[PDB]
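Here, each number is a calculation from the coordinates, and none is a lab measurement. Here the Cβ is made from the backbone with ideal geometry for all residues, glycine too, and neighbour counts use every protein chain on show.
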Amino acid sequence: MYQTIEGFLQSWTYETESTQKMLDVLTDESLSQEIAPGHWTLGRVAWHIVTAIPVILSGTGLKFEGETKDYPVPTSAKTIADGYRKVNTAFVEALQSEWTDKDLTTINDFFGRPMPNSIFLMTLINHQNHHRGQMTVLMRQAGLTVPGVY
Ligand code: NI
């Protein structure tokens, strides 16, 4: 759980700052970097993170602007990094406008299962962190300098 909105934003601020720093280092060339033959590229991993914000939060009913389709993938790393900045801002703006601490207990539907809003939010962070973990290997393999996390 998360008892409070500000408590979540202290966690969320570290996560977003860290993710944005990595996105900011990506080059257009690096986006083609692959996990393996026949597998996802770095560009797709990165756009999946961006699009995951509105997708994971959709069932909470908290409404804000943001692309939700992770295909096709942008070809410019500036679109991806800026996309993340944009949608994070719209998200955090909507949370601060519409929710107070009690809203974290409201039960909503997460793709079929009912869960409190706080679990949506826990899920957002965990998902993003898994995929950022992936990005770090691929960034290294693309010859980029990875800023640290944890
Ligand atoms: Ni995923």
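Couple of notes before you dig in:
- Restricting the stretch 31-49 to residues that are out of contact with any strand residue (DSSP E or B) (no Cβ under 9 Å at 6 or more places or on another chain) and surrounded by 14 or more Cβ atoms within 10 Å (Cβ to Cβ), the residue that is farthest from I119 (Cα to Cα) is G43.
- A Cβ distance below 8 Å, combined with a sequence gap of six or more or placement on separate chains, defines the contacts here; from the stretch 122-136, residues that are of a type in the set (S, T, Y) reach residues that are assigned to a helix (DSSP H, G or I) and more than 11 Å from the ligand (Cβ to nearest atom) in the pairs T136/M22.
- Of the residues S97, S76, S18, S118, the single one that is away from the ligand (no atom under 16 Å from the Cβ), hydroxyl-bearing (S, T, Y) and farther than 28 Å from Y2 by Cβ is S76.
- Number of the condition not met by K69 [criteria: (1) in a helix (DSSP H, G or I); (2) surrounded by fewer than 19 Cβ atoms within 10 Å (Cβ to Cβ); (3) within 15 Å of the chain's Cα centre (by Cα)]: (1)
- In summary, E6 fulfils each of the numbered conditions (1) more than 16 Å from the ligand (Cβ to nearest atom); (2) charged (D, E, K, R); (3) in a helix (DSSP H, G or I); (4) in contact (Cβ under 8 Å) with a residue 40 or more places away in the chain with the single exception of condition (4).
Results for (1) within 16 Å of the ligand (Cβ to nearest atom); (2) among the hydroxyl-bearing types (S, T, Y); (3) over 23 Å from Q3 (Cα atoms), shown as yes or no for each residue.
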position	(1), (2), (3)
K102	no, no, no
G112	no, no, yes
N126	yes, no, no
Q134	yes, no, yes
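- Pick from the stretch 136-150, criterion away from the ligand (no atom under 16 Å from the Cβ) and assigned to a helix (DSSP H, G or I), ranking: nearest to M22 (Cα to Cα): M139
- Residue within the stretch 123-130 that is crowded, with 17+ Cβ neighbours inside 10 Å, in a helix (DSSP H, G or I) and over 15 Å from the mean Cα position of the chain (by Cα) present: no
- Residues located in the stretch 30-66, provided they are within 16 Å of the ligand (Cβ to nearest atom), part of a loop (DSSP other than H, G, I, E, B) and of a type in the set (F, W, Y): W40
- Considering the conditions (1) over 11 Å from the mean Cα position of the chain (by Cα); (2) under 19 Å from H130 (Cα atoms); (3) within 16 Å of the ligand (Cβ to nearest atom), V25 is excluded by exactly one of them, (3).
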